[PDB]
$ cat input34.txt   # compact mmCIF, N, CA and C atoms
# COMPACT_ATOMS: atom_id res chain seq x y z
N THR A 869 2.36 -19.82 2.77
CA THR A 869 0.97 -19.39 2.93
C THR A 869 0.49 -18.75 1.64
N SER A 870 -0.49 -19.38 1.00
CA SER A 870 -1.16 -18.80 -0.17
C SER A 870 -2.51 -19.49 -0.29
N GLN A 871 -3.59 -18.78 0.05
CA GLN A 871 -4.90 -19.40 0.27
C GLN A 871 -5.85 -19.27 -0.92
N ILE A 872 -6.24 -18.04 -1.29
CA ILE A 872 -7.23 -17.82 -2.35
C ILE A 872 -6.96 -16.48 -3.04
N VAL A 873 -7.74 -16.19 -4.08
CA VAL A 873 -7.71 -14.91 -4.77
C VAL A 873 -8.91 -14.08 -4.32
N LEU A 874 -8.94 -12.81 -4.73
CA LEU A 874 -9.90 -11.83 -4.22
C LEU A 874 -11.17 -11.79 -5.09
N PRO A 875 -12.37 -11.59 -4.55
CA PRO A 875 -13.55 -11.31 -5.41
C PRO A 875 -13.62 -9.85 -5.80
N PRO A 876 -14.53 -9.47 -6.70
CA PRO A 876 -14.60 -8.07 -7.18
C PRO A 876 -15.58 -7.16 -6.44
N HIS A 877 -16.20 -7.61 -5.35
CA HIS A 877 -17.19 -6.76 -4.68
C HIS A 877 -16.55 -5.53 -4.05
N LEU A 878 -15.29 -5.62 -3.65
CA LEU A 878 -14.57 -4.48 -3.09
C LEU A 878 -14.09 -3.49 -4.15
N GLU A 879 -14.34 -3.74 -5.44
CA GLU A 879 -13.87 -2.84 -6.49
C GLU A 879 -14.51 -1.46 -6.43
N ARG A 880 -15.66 -1.32 -5.76
CA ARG A 880 -16.18 0.02 -5.51
C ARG A 880 -15.26 0.81 -4.60
N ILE A 881 -14.61 0.12 -3.65
CA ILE A 881 -13.68 0.78 -2.73
C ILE A 881 -12.29 0.90 -3.34
N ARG A 882 -11.88 -0.10 -4.14
CA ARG A 882 -10.46 -0.34 -4.40
C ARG A 882 -9.77 0.81 -5.14
N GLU A 883 -10.46 1.50 -6.04
CA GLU A 883 -9.81 2.58 -6.78
C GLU A 883 -9.59 3.81 -5.90
N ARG A 884 -10.57 4.15 -5.07
CA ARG A 884 -10.38 5.26 -4.14
C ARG A 884 -9.38 4.88 -3.06
N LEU A 885 -9.38 3.61 -2.66
CA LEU A 885 -8.35 3.07 -1.78
C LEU A 885 -6.97 3.17 -2.41
N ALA A 886 -6.88 3.00 -3.73
CA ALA A 886 -5.60 3.14 -4.41
C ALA A 886 -5.12 4.58 -4.41
N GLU A 887 -6.03 5.50 -4.75
CA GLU A 887 -5.70 6.93 -4.72
C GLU A 887 -5.34 7.39 -3.31
N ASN A 888 -5.89 6.73 -2.29
CA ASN A 888 -5.45 6.97 -0.92
C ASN A 888 -4.06 6.39 -0.68
N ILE A 889 -3.92 5.07 -0.88
CA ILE A 889 -2.75 4.33 -0.41
C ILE A 889 -1.48 4.78 -1.13
N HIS A 890 -1.59 5.29 -2.36
CA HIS A 890 -0.43 5.92 -2.99
C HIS A 890 -0.17 7.32 -2.45
N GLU A 891 -1.20 7.99 -1.92
CA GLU A 891 -1.04 9.23 -1.15
C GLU A 891 -0.69 8.97 0.33
N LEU A 892 -0.48 7.71 0.71
CA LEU A 892 0.15 7.35 1.99
C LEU A 892 1.56 6.81 1.81
N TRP A 893 1.73 5.76 0.99
CA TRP A 893 2.88 4.88 1.09
C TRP A 893 4.11 5.42 0.36
N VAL A 894 3.93 6.25 -0.67
CA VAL A 894 5.06 6.73 -1.46
C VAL A 894 5.93 7.74 -0.72
N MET A 895 5.48 8.26 0.43
CA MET A 895 6.27 9.17 1.24
C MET A 895 7.53 8.52 1.83
N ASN A 896 7.58 7.19 1.91
CA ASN A 896 8.60 6.54 2.72
C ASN A 896 9.98 6.46 2.06
N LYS A 897 10.07 6.59 0.73
CA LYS A 897 11.28 6.28 -0.03
C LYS A 897 12.05 7.53 -0.45
N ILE A 898 12.13 8.54 0.42
CA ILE A 898 12.83 9.79 0.13
C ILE A 898 13.81 10.19 1.23
N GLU A 899 13.72 9.64 2.44
CA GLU A 899 14.63 10.02 3.52
C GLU A 899 16.08 9.63 3.22
N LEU A 900 16.30 8.64 2.35
CA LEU A 900 17.64 8.41 1.83
C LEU A 900 18.12 9.61 1.02
N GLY A 901 17.25 10.17 0.18
CA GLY A 901 17.57 11.24 -0.74
C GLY A 901 17.15 10.98 -2.18
N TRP A 902 16.21 10.05 -2.39
CA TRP A 902 15.80 9.66 -3.72
C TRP A 902 14.81 10.67 -4.31
N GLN A 903 14.54 10.52 -5.60
CA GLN A 903 13.72 11.45 -6.36
C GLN A 903 13.28 10.75 -7.64
N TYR A 904 12.14 11.20 -8.18
CA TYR A 904 11.63 10.66 -9.44
C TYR A 904 12.63 10.85 -10.58
N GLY A 905 12.60 9.93 -11.53
CA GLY A 905 13.46 10.00 -12.69
C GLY A 905 12.97 9.11 -13.82
N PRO A 906 13.60 9.21 -15.00
CA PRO A 906 13.14 8.40 -16.15
C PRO A 906 13.49 6.93 -16.05
N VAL A 907 14.75 6.62 -15.72
CA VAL A 907 15.31 5.28 -15.85
C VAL A 907 15.49 4.67 -14.47
N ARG A 908 15.64 3.34 -14.46
CA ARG A 908 15.79 2.57 -13.23
C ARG A 908 17.26 2.57 -12.82
N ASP A 909 17.63 3.47 -11.91
CA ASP A 909 18.96 3.45 -11.32
C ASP A 909 18.93 4.17 -9.99
N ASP A 910 19.89 3.83 -9.12
CA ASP A 910 20.07 4.43 -7.81
C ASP A 910 21.44 5.05 -7.59
N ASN A 911 22.42 4.77 -8.46
CA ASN A 911 23.74 5.36 -8.28
C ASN A 911 23.73 6.87 -8.54
N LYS A 912 22.81 7.35 -9.38
CA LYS A 912 22.62 8.77 -9.62
C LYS A 912 21.58 9.39 -8.68
N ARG A 913 21.27 8.74 -7.55
CA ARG A 913 20.45 9.32 -6.49
C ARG A 913 19.03 9.61 -6.98
N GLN A 914 18.33 8.55 -7.38
CA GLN A 914 16.96 8.68 -7.87
C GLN A 914 16.25 7.35 -7.76
N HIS A 915 14.91 7.42 -7.77
CA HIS A 915 14.02 6.27 -7.78
C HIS A 915 12.76 6.64 -8.57
N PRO A 916 12.47 6.02 -9.73
CA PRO A 916 11.21 6.36 -10.42
C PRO A 916 9.94 5.84 -9.77
N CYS A 917 10.01 5.16 -8.62
CA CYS A 917 8.80 4.75 -7.91
C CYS A 917 8.09 5.90 -7.19
N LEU A 918 8.67 7.11 -7.17
CA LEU A 918 8.07 8.26 -6.50
C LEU A 918 7.12 9.00 -7.45
N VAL A 919 6.10 8.27 -7.89
CA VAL A 919 5.10 8.75 -8.85
C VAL A 919 3.75 8.21 -8.39
N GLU A 920 2.68 8.93 -8.73
CA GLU A 920 1.34 8.61 -8.25
C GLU A 920 0.86 7.28 -8.83
N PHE A 921 -0.30 6.84 -8.33
CA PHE A 921 -0.90 5.57 -8.74
C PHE A 921 -1.21 5.54 -10.23
N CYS A 922 -2.12 6.41 -10.67
CA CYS A 922 -2.54 6.41 -12.07
C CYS A 922 -1.47 6.96 -13.00
N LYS A 923 -0.55 7.78 -12.50
CA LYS A 923 0.50 8.34 -13.35
C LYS A 923 1.48 7.27 -13.81
N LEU A 924 1.74 6.26 -12.98
CA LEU A 924 2.66 5.20 -13.35
C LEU A 924 2.07 4.37 -14.49
N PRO A 925 2.88 3.55 -15.17
CA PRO A 925 2.31 2.61 -16.15
C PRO A 925 1.52 1.52 -15.44
N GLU A 926 0.87 0.67 -16.25
CA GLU A 926 -0.07 -0.32 -15.71
C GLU A 926 0.63 -1.34 -14.82
N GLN A 927 1.79 -1.83 -15.26
CA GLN A 927 2.56 -2.78 -14.45
C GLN A 927 3.01 -2.15 -13.14
N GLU A 928 3.34 -0.86 -13.15
CA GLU A 928 3.65 -0.11 -11.94
C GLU A 928 2.42 0.52 -11.29
N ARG A 929 1.29 0.58 -12.00
CA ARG A 929 0.03 0.95 -11.36
C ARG A 929 -0.41 -0.15 -10.40
N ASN A 930 -0.40 -1.40 -10.86
CA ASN A 930 -0.76 -2.51 -9.98
C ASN A 930 0.28 -2.76 -8.89
N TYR A 931 1.50 -2.23 -9.03
CA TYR A 931 2.52 -2.38 -7.98
C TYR A 931 2.07 -1.75 -6.67
N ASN A 932 1.44 -0.57 -6.73
CA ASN A 932 0.95 0.06 -5.51
C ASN A 932 -0.26 -0.69 -4.95
N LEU A 933 -1.16 -1.15 -5.82
CA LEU A 933 -2.32 -1.90 -5.37
C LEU A 933 -1.97 -3.29 -4.85
N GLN A 934 -0.78 -3.81 -5.16
CA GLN A 934 -0.44 -5.17 -4.78
C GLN A 934 -0.30 -5.33 -3.26
N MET A 935 0.26 -4.33 -2.57
CA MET A 935 0.40 -4.43 -1.12
C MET A 935 -0.96 -4.43 -0.43
N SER A 936 -1.86 -3.56 -0.88
CA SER A 936 -3.22 -3.58 -0.38
C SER A 936 -3.91 -4.90 -0.71
N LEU A 937 -3.59 -5.48 -1.87
CA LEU A 937 -4.14 -6.79 -2.22
C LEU A 937 -3.61 -7.88 -1.30
N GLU A 938 -2.34 -7.78 -0.87
CA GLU A 938 -1.84 -8.73 0.12
C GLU A 938 -2.57 -8.58 1.44
N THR A 939 -2.81 -7.34 1.87
CA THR A 939 -3.55 -7.13 3.11
C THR A 939 -5.03 -7.52 2.98
N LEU A 940 -5.56 -7.61 1.76
CA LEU A 940 -6.97 -7.95 1.54
C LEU A 940 -7.20 -9.44 1.34
N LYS A 941 -6.37 -10.10 0.52
CA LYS A 941 -6.70 -11.44 0.06
C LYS A 941 -6.49 -12.48 1.16
N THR A 942 -5.49 -12.29 2.01
CA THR A 942 -5.29 -13.17 3.15
C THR A 942 -6.29 -12.87 4.27
N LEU A 943 -6.69 -11.61 4.40
CA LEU A 943 -7.72 -11.25 5.37
C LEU A 943 -9.05 -11.91 5.02
N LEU A 944 -9.46 -11.81 3.75
CA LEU A 944 -10.67 -12.50 3.31
C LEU A 944 -10.52 -14.01 3.40
N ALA A 945 -9.30 -14.52 3.23
CA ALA A 945 -9.00 -15.93 3.43
C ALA A 945 -8.83 -16.31 4.90
N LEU A 946 -8.94 -15.36 5.84
CA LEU A 946 -8.61 -15.63 7.24
C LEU A 946 -9.76 -16.25 8.03
N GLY A 947 -10.99 -16.21 7.51
CA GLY A 947 -12.15 -16.76 8.19
C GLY A 947 -12.89 -15.76 9.06
N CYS A 948 -12.17 -14.85 9.70
CA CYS A 948 -12.80 -13.81 10.50
C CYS A 948 -13.43 -12.76 9.58
N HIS A 949 -14.39 -12.02 10.13
CA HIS A 949 -15.10 -11.03 9.33
C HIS A 949 -14.16 -9.89 8.94
N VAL A 950 -14.09 -9.62 7.64
CA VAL A 950 -13.35 -8.47 7.11
C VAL A 950 -14.16 -7.75 6.03
N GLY A 951 -15.47 -8.01 5.95
CA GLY A 951 -16.29 -7.31 4.99
C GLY A 951 -16.42 -5.84 5.33
N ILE A 952 -16.80 -5.06 4.32
CA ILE A 952 -16.81 -3.60 4.46
C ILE A 952 -18.14 -3.20 5.10
N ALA A 953 -18.19 -3.30 6.43
CA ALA A 953 -19.30 -2.80 7.23
C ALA A 953 -19.04 -1.34 7.62
N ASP A 954 -17.93 -1.10 8.31
CA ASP A 954 -17.43 0.26 8.52
C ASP A 954 -16.71 0.67 7.24
N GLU A 955 -17.37 1.50 6.43
CA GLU A 955 -16.81 1.93 5.16
C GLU A 955 -15.55 2.74 5.38
N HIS A 956 -14.63 2.65 4.42
CA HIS A 956 -13.37 3.39 4.52
C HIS A 956 -13.65 4.89 4.45
N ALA A 957 -12.95 5.64 5.29
CA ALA A 957 -13.32 7.02 5.61
C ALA A 957 -12.59 8.04 4.74
N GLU A 958 -12.70 7.90 3.42
CA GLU A 958 -12.19 8.93 2.51
C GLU A 958 -12.79 8.71 1.13
N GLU A 959 -13.39 9.76 0.58
CA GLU A 959 -13.94 9.83 -0.77
C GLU A 959 -15.18 8.95 -0.99
N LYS A 960 -15.74 8.34 0.07
CA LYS A 960 -17.03 7.65 0.04
C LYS A 960 -17.95 8.11 1.16
N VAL A 961 -17.41 8.38 2.35
CA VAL A 961 -18.15 8.94 3.48
C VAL A 961 -17.31 10.08 4.03
N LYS A 962 -17.86 11.30 4.00
CA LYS A 962 -17.09 12.47 4.40
C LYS A 962 -16.88 12.48 5.90
N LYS A 963 -15.75 11.92 6.33
CA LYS A 963 -15.33 11.90 7.73
C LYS A 963 -13.89 12.40 7.89
N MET A 964 -13.05 12.18 6.88
CA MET A 964 -11.66 12.65 6.87
C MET A 964 -10.86 12.03 8.02
N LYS A 965 -10.82 10.70 8.02
CA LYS A 965 -10.02 9.93 8.96
C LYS A 965 -8.62 9.64 8.44
N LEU A 966 -8.45 9.55 7.12
CA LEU A 966 -7.18 9.14 6.53
C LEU A 966 -6.13 10.25 6.56
N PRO A 967 -6.36 11.44 5.93
CA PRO A 967 -5.29 12.45 5.91
C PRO A 967 -5.21 13.25 7.20
N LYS A 968 -4.26 12.90 8.08
CA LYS A 968 -4.06 13.60 9.35
C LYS A 968 -2.63 14.12 9.51
N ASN A 969 -1.64 13.27 9.26
CA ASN A 969 -0.23 13.55 9.57
C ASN A 969 0.60 13.52 8.30
N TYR A 970 1.43 14.55 8.12
CA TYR A 970 2.38 14.61 7.02
C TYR A 970 3.48 15.61 7.38
N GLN A 971 4.50 15.65 6.54
CA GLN A 971 5.55 16.67 6.67
C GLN A 971 6.20 16.84 5.30
N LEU A 972 5.97 17.99 4.67
CA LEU A 972 6.43 18.24 3.31
C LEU A 972 7.85 18.79 3.32
N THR A 973 8.65 18.33 2.35
CA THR A 973 10.00 18.82 2.10
C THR A 973 10.20 18.79 0.59
N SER A 974 11.44 18.98 0.14
CA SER A 974 11.78 18.84 -1.28
C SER A 974 11.77 17.35 -1.62
N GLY A 975 10.57 16.84 -1.88
CA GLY A 975 10.40 15.42 -2.11
C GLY A 975 8.93 15.07 -2.20
N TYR A 976 8.69 13.85 -2.68
CA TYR A 976 7.33 13.31 -2.74
C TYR A 976 6.89 12.98 -1.32
N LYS A 977 6.12 13.88 -0.71
CA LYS A 977 5.65 13.73 0.67
C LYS A 977 4.13 13.87 0.73
N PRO A 978 3.38 12.81 0.37
CA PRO A 978 1.98 12.73 0.78
C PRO A 978 1.81 12.42 2.26
N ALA A 979 0.57 12.13 2.69
CA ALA A 979 0.18 12.05 4.09
C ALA A 979 -0.14 10.62 4.53
N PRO A 980 0.85 9.82 4.93
CA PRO A 980 0.56 8.58 5.67
C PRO A 980 0.35 8.87 7.14
N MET A 981 -0.84 8.55 7.65
CA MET A 981 -1.17 8.79 9.05
C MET A 981 -0.71 7.60 9.88
N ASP A 982 0.16 7.87 10.86
CA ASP A 982 0.53 6.88 11.87
C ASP A 982 -0.54 6.93 12.95
N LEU A 983 -1.55 6.07 12.80
CA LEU A 983 -2.68 6.05 13.72
C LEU A 983 -2.28 5.32 15.00
N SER A 984 -2.25 6.05 16.12
CA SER A 984 -1.84 5.49 17.41
C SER A 984 -2.68 5.97 18.59
N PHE A 985 -3.81 6.66 18.35
CA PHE A 985 -4.79 6.97 19.40
C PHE A 985 -5.90 5.92 19.48
N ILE A 986 -5.63 4.69 19.07
CA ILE A 986 -6.60 3.60 19.09
C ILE A 986 -5.86 2.31 19.41
N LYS A 987 -6.50 1.45 20.20
CA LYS A 987 -5.94 0.12 20.44
C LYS A 987 -6.07 -0.72 19.18
N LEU A 988 -4.94 -1.20 18.67
CA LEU A 988 -4.97 -2.11 17.53
C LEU A 988 -5.70 -3.39 17.91
N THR A 989 -6.19 -4.09 16.89
CA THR A 989 -6.90 -5.33 17.14
C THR A 989 -5.92 -6.39 17.63
N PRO A 990 -6.41 -7.48 18.24
CA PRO A 990 -5.50 -8.60 18.54
C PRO A 990 -5.04 -9.38 17.30
N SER A 991 -5.58 -9.09 16.12
CA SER A 991 -5.19 -9.82 14.91
C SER A 991 -3.89 -9.30 14.33
N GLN A 992 -3.89 -8.03 13.88
CA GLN A 992 -2.82 -7.55 13.02
C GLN A 992 -1.49 -7.45 13.77
N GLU A 993 -1.53 -7.26 15.09
CA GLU A 993 -0.32 -7.33 15.88
C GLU A 993 0.30 -8.73 15.81
N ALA A 994 -0.53 -9.76 15.68
CA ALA A 994 -0.02 -11.11 15.42
C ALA A 994 0.35 -11.28 13.96
N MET A 995 -0.43 -10.69 13.05
CA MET A 995 -0.18 -10.87 11.62
C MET A 995 0.95 -10.02 11.08
N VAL A 996 1.64 -9.22 11.91
CA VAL A 996 2.87 -8.57 11.46
C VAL A 996 3.88 -9.62 11.03
N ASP A 997 4.08 -10.64 11.87
CA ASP A 997 4.96 -11.75 11.51
C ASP A 997 4.43 -12.51 10.31
N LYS A 998 3.11 -12.63 10.17
CA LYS A 998 2.53 -13.31 9.01
C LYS A 998 2.86 -12.58 7.72
N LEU A 999 2.57 -11.28 7.67
CA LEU A 999 2.79 -10.52 6.45
C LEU A 999 4.26 -10.29 6.17
N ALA A 1000 5.12 -10.32 7.19
CA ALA A 1000 6.56 -10.26 6.96
C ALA A 1000 7.12 -11.61 6.50
N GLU A 1001 6.54 -12.71 6.98
CA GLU A 1001 6.94 -14.03 6.50
C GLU A 1001 6.43 -14.30 5.10
N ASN A 1002 5.29 -13.70 4.72
CA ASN A 1002 4.75 -13.94 3.39
C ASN A 1002 5.63 -13.36 2.30
N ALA A 1003 6.44 -12.35 2.62
CA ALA A 1003 7.47 -11.90 1.69
C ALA A 1003 8.41 -13.04 1.32
N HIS A 1004 8.94 -13.74 2.33
CA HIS A 1004 9.80 -14.87 2.03
C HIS A 1004 9.02 -16.05 1.47
N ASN A 1005 7.74 -16.19 1.79
CA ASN A 1005 6.96 -17.28 1.19
C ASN A 1005 6.80 -17.07 -0.31
N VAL A 1006 6.42 -15.85 -0.70
CA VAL A 1006 6.30 -15.48 -2.10
C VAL A 1006 7.65 -15.60 -2.79
N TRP A 1007 8.72 -15.20 -2.11
CA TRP A 1007 10.05 -15.27 -2.70
C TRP A 1007 10.60 -16.69 -2.70
N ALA A 1008 10.13 -17.56 -1.81
CA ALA A 1008 10.63 -18.92 -1.68
C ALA A 1008 9.97 -19.87 -2.65
N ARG A 1009 8.68 -19.70 -2.94
CA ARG A 1009 8.10 -20.50 -4.01
C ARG A 1009 8.68 -20.12 -5.38
N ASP A 1010 9.26 -18.92 -5.51
CA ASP A 1010 10.09 -18.59 -6.66
C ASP A 1010 11.48 -19.22 -6.54
N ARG A 1011 12.10 -19.10 -5.36
CA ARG A 1011 13.51 -19.45 -5.21
C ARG A 1011 13.73 -20.95 -5.22
N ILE A 1012 12.81 -21.72 -4.64
CA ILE A 1012 12.97 -23.17 -4.60
C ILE A 1012 12.74 -23.75 -5.99
N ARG A 1013 11.88 -23.12 -6.79
CA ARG A 1013 11.66 -23.54 -8.17
C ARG A 1013 12.75 -23.04 -9.12
$ encode --input "input34.txt" --output "structure tokens"
Amino acid sequence: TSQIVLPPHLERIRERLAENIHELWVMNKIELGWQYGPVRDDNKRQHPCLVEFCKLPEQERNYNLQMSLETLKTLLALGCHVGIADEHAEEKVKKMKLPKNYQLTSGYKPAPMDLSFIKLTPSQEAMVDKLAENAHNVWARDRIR
């Protein structure tokens, strides 16, 4: 599965979405015991991916935006409406829907909210298998070549 590339109309959202999504997603890689460091290694109990969006270099800056781009580019390629009618609720419309749940410790712990007081759509519950299979699709067009 690889349909199209993204247009730039969402670029008004995308940078604030990046500053959000790195303040959500980077919390996950510390329960093992990892921590920021200079070099790429794990035997000394560290991971340099525990750094903010803009703080990382450009190749690692786009690394955080890439997952959101996967959730965006196939959605826009999906045919169903995914345009920004309900604007994202942080740093553009003061509603404060994004930062709700967190737990700080000795580690990089921003606030990814596990939103579960709402019925998920009938789409993304089906597209869990899609986005998990797209990992192997991306890896398979590399691996078969």
$ atom_distance --input "input34.txt" --atom1 "atom CA of residue 898 of chain A" --atom2 "atom CA of residue 999 of chain A"
23.5 Å
$ closest_atom_pairs --input "input34.txt" --of "segment 881-943 of chain A" --to "segment 969-992 of chain A" --cutoff "5 Å" --atoms "all atoms listed in the file" --output "tab-separated table"
residue	atom	partner	partner_atom	distance
A:891	C	A:979	N	4.1
A:892	CA	A:980	CA	3.9
A:895	CA	A:976	C	4.6
$ closest_residue --input "input34.txt" --among "A:874, A:922, A:995, A:953" --to "residue 890 of chain A" --atoms "only N, CA and C atoms"
A:922
$ atom_distance --input "input34.txt" --atom1 "atom CA of residue 887 of chain A" --atom2 "atom CA of residue 923 of chain A"
10.7 Å
$ atom_distance --input "input34.txt" --atom1 "atom C of residue 929 of chain A" --atom2 "atom N of residue 876 of chain A"
17.3 Å
$ select_by_dssp --input "input34.txt" --residues "segment 917-970 of chain A" --states "alpha helix (DSSP H)" --output "list in words"
residues 926, 927, 928, 929, 930, 931, 932, 933, 934, 935, 936, 937, 938, 939, 940, 941, 942, 943 and 944 of chain A
$ write_last_selection --input "input34.txt" --atoms "N, CA and C atoms" --output "mmCIF file, keeping the file's coordinate frame"
data_model
loop_
_atom_site.group_PDB
_atom_site.id
_atom_site.type_symbol
_atom_site.label_atom_id
_atom_site.label_comp_id
_atom_site.auth_asym_id
_atom_site.auth_seq_id
_atom_site.Cartn_x
_atom_site.Cartn_y
_atom_site.Cartn_z
ATOM 1 N N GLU A 926 0.870 0.670 -16.250
ATOM 2 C CA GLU A 926 -0.070 -0.320 -15.710
ATOM 3 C C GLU A 926 0.630 -1.340 -14.820
ATOM 4 N N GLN A 927 1.790 -1.830 -15.260
ATOM 5 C CA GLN A 927 2.560 -2.780 -14.450
ATOM 6 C C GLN A 927 3.010 -2.150 -13.140
ATOM 7 N N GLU A 928 3.340 -0.860 -13.150
ATOM 8 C CA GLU A 928 3.650 -0.110 -11.940
ATOM 9 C C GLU A 928 2.420 0.520 -11.290
ATOM 10 N N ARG A 929 1.290 0.580 -12.000
ATOM 11 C CA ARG A 929 0.030 0.950 -11.360
ATOM 12 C C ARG A 929 -0.410 -0.150 -10.400
ATOM 13 N N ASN A 930 -0.400 -1.400 -10.860
ATOM 14 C CA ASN A 930 -0.760 -2.510 -9.980
ATOM 15 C C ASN A 930 0.280 -2.760 -8.890
ATOM 16 N N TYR A 931 1.500 -2.230 -9.030
ATOM 17 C CA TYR A 931 2.520 -2.380 -7.980
ATOM 18 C C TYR A 931 2.070 -1.750 -6.670
ATOM 19 N N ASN A 932 1.440 -0.570 -6.730
ATOM 20 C CA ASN A 932 0.950 0.060 -5.510
ATOM 21 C C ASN A 932 -0.260 -0.690 -4.950
ATOM 22 N N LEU A 933 -1.160 -1.150 -5.820
ATOM 23 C CA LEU A 933 -2.320 -1.900 -5.370
ATOM 24 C C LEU A 933 -1.970 -3.290 -4.850
ATOM 25 N N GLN A 934 -0.780 -3.810 -5.160
ATOM 26 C CA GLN A 934 -0.440 -5.170 -4.780
ATOM 27 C C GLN A 934 -0.300 -5.330 -3.260
ATOM 28 N N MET A 935 0.260 -4.330 -2.570
ATOM 29 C CA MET A 935 0.400 -4.430 -1.120
ATOM 30 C C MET A 935 -0.960 -4.430 -0.430
ATOM 31 N N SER A 936 -1.860 -3.560 -0.880
ATOM 32 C CA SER A 936 -3.220 -3.580 -0.380
ATOM 33 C C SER A 936 -3.910 -4.900 -0.710
ATOM 34 N N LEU A 937 -3.590 -5.480 -1.870
ATOM 35 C CA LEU A 937 -4.140 -6.790 -2.220
ATOM 36 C C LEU A 937 -3.610 -7.880 -1.300
ATOM 37 N N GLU A 938 -2.340 -7.780 -0.870
ATOM 38 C CA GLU A 938 -1.840 -8.730 0.120
ATOM 39 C C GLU A 938 -2.570 -8.580 1.440
ATOM 40 N N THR A 939 -2.810 -7.340 1.870
ATOM 41 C CA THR A 939 -3.550 -7.130 3.110
ATOM 42 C C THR A 939 -5.030 -7.520 2.980
ATOM 43 N N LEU A 940 -5.560 -7.610 1.760
ATOM 44 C CA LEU A 940 -6.970 -7.950 1.540
ATOM 45 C C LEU A 940 -7.200 -9.440 1.340
ATOM 46 N N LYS A 941 -6.370 -10.100 0.520
ATOM 47 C CA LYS A 941 -6.700 -11.440 0.060
ATOM 48 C C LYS A 941 -6.490 -12.480 1.160
ATOM 49 N N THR A 942 -5.490 -12.290 2.010
ATOM 50 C CA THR A 942 -5.290 -13.170 3.150
ATOM 51 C C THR A 942 -6.290 -12.870 4.270
ATOM 52 N N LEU A 943 -6.690 -11.610 4.400
ATOM 53 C CA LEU A 943 -7.720 -11.250 5.370
ATOM 54 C C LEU A 943 -9.050 -11.910 5.020
ATOM 55 N N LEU A 944 -9.460 -11.810 3.750
ATOM 56 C CA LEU A 944 -10.670 -12.500 3.310
ATOM 57 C C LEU A 944 -10.520 -14.010 3.400
#
$ closest_residue --input "input34.txt" --among "A:996, A:881, A:872, A:1008" --to "residue 942 of chain A" --atoms "only N, CA and C atoms"
A:872
$ closest_residue --input "input34.txt" --among "A:888, A:945, A:933, A:915" --to "residue 901 of chain A" --atoms "only N, CA and C atoms"
A:915
$ residues_around --input "input34.txt" --residues "residue 937 of chain A" --least-positions-apart "2" --cutoff "12 Å" --atoms "only C-alpha atoms" --output "ChimeraX atom specification"
/A:872-876,878-879,882-883,885-886,889,930-935,939-945,999
$ write_last_selection --input "input34.txt" --atoms "N, CA and C atoms" --output "short mmCIF file (atom, residue, chain, number, x, y, z; two decimals), in the frame of the given file"
data_model
loop_
_atom_site.label_atom_id
_atom_site.label_comp_id
_atom_site.auth_asym_id
_atom_site.auth_seq_id
_atom_site.Cartn_x
_atom_site.Cartn_y
_atom_site.Cartn_z
N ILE A 872 -6.24 -18.04 -1.29
CA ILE A 872 -7.23 -17.82 -2.35
C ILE A 872 -6.96 -16.48 -3.04
N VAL A 873 -7.74 -16.19 -4.08
CA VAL A 873 -7.71 -14.91 -4.77
C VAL A 873 -8.91 -14.08 -4.32
N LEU A 874 -8.94 -12.81 -4.73
CA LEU A 874 -9.90 -11.83 -4.22
C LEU A 874 -11.17 -11.79 -5.09
N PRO A 875 -12.37 -11.59 -4.55
CA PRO A 875 -13.55 -11.31 -5.41
C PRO A 875 -13.62 -9.85 -5.80
N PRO A 876 -14.53 -9.47 -6.70
CA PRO A 876 -14.60 -8.07 -7.18
C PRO A 876 -15.58 -7.16 -6.44
N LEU A 878 -15.29 -5.62 -3.65
CA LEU A 878 -14.57 -4.48 -3.09
C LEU A 878 -14.09 -3.49 -4.15
N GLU A 879 -14.34 -3.74 -5.44
CA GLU A 879 -13.87 -2.84 -6.49
C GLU A 879 -14.51 -1.46 -6.43
N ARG A 882 -11.88 -0.10 -4.14
CA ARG A 882 -10.46 -0.34 -4.40
C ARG A 882 -9.77 0.81 -5.14
N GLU A 883 -10.46 1.50 -6.04
CA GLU A 883 -9.81 2.58 -6.78
C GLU A 883 -9.59 3.81 -5.90
N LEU A 885 -9.38 3.61 -2.66
CA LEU A 885 -8.35 3.07 -1.78
C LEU A 885 -6.97 3.17 -2.41
N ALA A 886 -6.88 3.00 -3.73
CA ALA A 886 -5.60 3.14 -4.41
C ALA A 886 -5.12 4.58 -4.41
N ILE A 889 -3.92 5.07 -0.88
CA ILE A 889 -2.75 4.33 -0.41
C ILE A 889 -1.48 4.78 -1.13
N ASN A 930 -0.40 -1.40 -10.86
CA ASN A 930 -0.76 -2.51 -9.98
C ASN A 930 0.28 -2.76 -8.89
N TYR A 931 1.50 -2.23 -9.03
CA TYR A 931 2.52 -2.38 -7.98
C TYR A 931 2.07 -1.75 -6.67
N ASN A 932 1.44 -0.57 -6.73
CA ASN A 932 0.95 0.06 -5.51
C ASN A 932 -0.26 -0.69 -4.95
N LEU A 933 -1.16 -1.15 -5.82
CA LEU A 933 -2.32 -1.90 -5.37
C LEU A 933 -1.97 -3.29 -4.85
N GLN A 934 -0.78 -3.81 -5.16
CA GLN A 934 -0.44 -5.17 -4.78
C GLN A 934 -0.30 -5.33 -3.26
N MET A 935 0.26 -4.33 -2.57
CA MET A 935 0.40 -4.43 -1.12
C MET A 935 -0.96 -4.43 -0.43
N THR A 939 -2.81 -7.34 1.87
CA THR A 939 -3.55 -7.13 3.11
C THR A 939 -5.03 -7.52 2.98
N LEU A 940 -5.56 -7.61 1.76
CA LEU A 940 -6.97 -7.95 1.54
C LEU A 940 -7.20 -9.44 1.34
N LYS A 941 -6.37 -10.10 0.52
CA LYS A 941 -6.70 -11.44 0.06
C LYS A 941 -6.49 -12.48 1.16
N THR A 942 -5.49 -12.29 2.01
CA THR A 942 -5.29 -13.17 3.15
C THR A 942 -6.29 -12.87 4.27
N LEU A 943 -6.69 -11.61 4.40
CA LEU A 943 -7.72 -11.25 5.37
C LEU A 943 -9.05 -11.91 5.02
N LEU A 944 -9.46 -11.81 3.75
CA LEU A 944 -10.67 -12.50 3.31
C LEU A 944 -10.52 -14.01 3.40
N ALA A 945 -9.30 -14.52 3.23
CA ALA A 945 -9.00 -15.93 3.43
C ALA A 945 -8.83 -16.31 4.90
N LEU A 999 2.57 -11.28 7.67
CA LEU A 999 2.79 -10.52 6.45
C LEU A 999 4.26 -10.29 6.17
#
